[PDB]
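Participant: To start, I am sharing the structure in question, which I have written as structure tokens.
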Amino acid sequence: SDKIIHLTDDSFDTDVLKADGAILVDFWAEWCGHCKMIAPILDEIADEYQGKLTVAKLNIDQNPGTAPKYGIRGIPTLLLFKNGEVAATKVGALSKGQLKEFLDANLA
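Right, here's the structure in full:
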């Protein structure tokens, strides 16, 4: 949880849209049960993908402003950004293996 950038509505443009390369963003809240499943999964991915992928987190309760701009209907939603632009999205939980697949499908 230390390698993950903690985003706010205020920082999101700088840490995501101004960000060079690839950023995995996780939209989550404290009441979301399956957000707790993928949190440790996201910690391990940040661990292993360190240097070719940044993992970042956004709490939608503390930061209500960003998720509507991407028409996010449910959490957890993962958005993979490349050079401030959406490369891919994933709505719902997944396993660690599945997330690696997801990333390979996009890391050309």
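Position one of the sequence shown corresponds to residue 1 (the entry's author numbering), numbered consecutively onward.
We put the CB at the ideal spot given by N, CA and C, even for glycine.
Name the one or two DSSP bridge partners that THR14 has.
Facilitator: According to DSSP, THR14 bridges with nothing at all.
Participant: Do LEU78 and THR89 have their CB atoms nearer than 8 Å?
Facilitator: yes
Participant: From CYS32 to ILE60, what does the alpha carbon distance come to, in whole angstroms?
Facilitator: 10 Å
Participant: When DSSP labels each residue in this structure, what does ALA105 get in the three-state scheme?
Facilitator: Annotated three-state conformation of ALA105 is coil, per DSSP.
Participant: I'd like to check one pair, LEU58 with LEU24: are the Cβ atoms closer than 8 Å?
Facilitator: no
Participant: Rounded to a whole number of angstroms, what is the C-alpha to C-alpha distance between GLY65 and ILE72?
Facilitator: 11 Å
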